[PDB]
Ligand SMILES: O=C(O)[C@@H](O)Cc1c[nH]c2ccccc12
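Presented below, as structure tokens, is a lone chain in the form solved without ligand 3IL.
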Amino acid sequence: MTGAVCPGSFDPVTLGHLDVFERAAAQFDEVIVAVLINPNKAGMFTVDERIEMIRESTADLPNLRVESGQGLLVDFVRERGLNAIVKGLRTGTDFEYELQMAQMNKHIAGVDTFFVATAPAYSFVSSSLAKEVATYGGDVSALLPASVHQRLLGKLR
């Protein structure tokens, strides 16, 4: 009954995210993708859109499920009877901030954070840079799942 939570805003999910989801699902009995929402700032995609895009690109992972939440990540994790977070690393990750949050999260709730580096091919995509590049016409089709790419272009138009 091992398990981990993969957290993020996933606005939208990228192939970097999906790589890490797949690794987590391969190494833990269950994985929950936590789509964390700031109720004060809307992103590009609604919560239901974000969840749909993740589900469509994770259909081959039988032990992965997707749920939204807000507030403290460690509460989302513990209320599901888990105490592990799996977080991806990419080029441009603020690792010092991630470390700070990992030590705080262990301190307040006993939850462990495991970091895994995304595959090199997917190491320079981020939701924010993908959106920025696509806004001005750049081709990010190879860095996003099919469940995302044309929906992104749709939002931008």
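Residue numbers here begin at 1 and follow the sequence given.
What comes next is about the form deposited with ligand 3IL bound, which does not appear here.
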Can you pick the one in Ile51, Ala34, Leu64, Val111 that has a heavy atom within 4.5 Å of ligand 3IL in the deposited complex? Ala34
Would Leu72 sit within 4.5 Å of ligand 3IL in the deposited complex, counting heavy atoms only? yes
Would you classify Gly3 as touching ligand 3IL in the deposited complex, given a 4.5 Å non-hydrogen atom cut-off? no
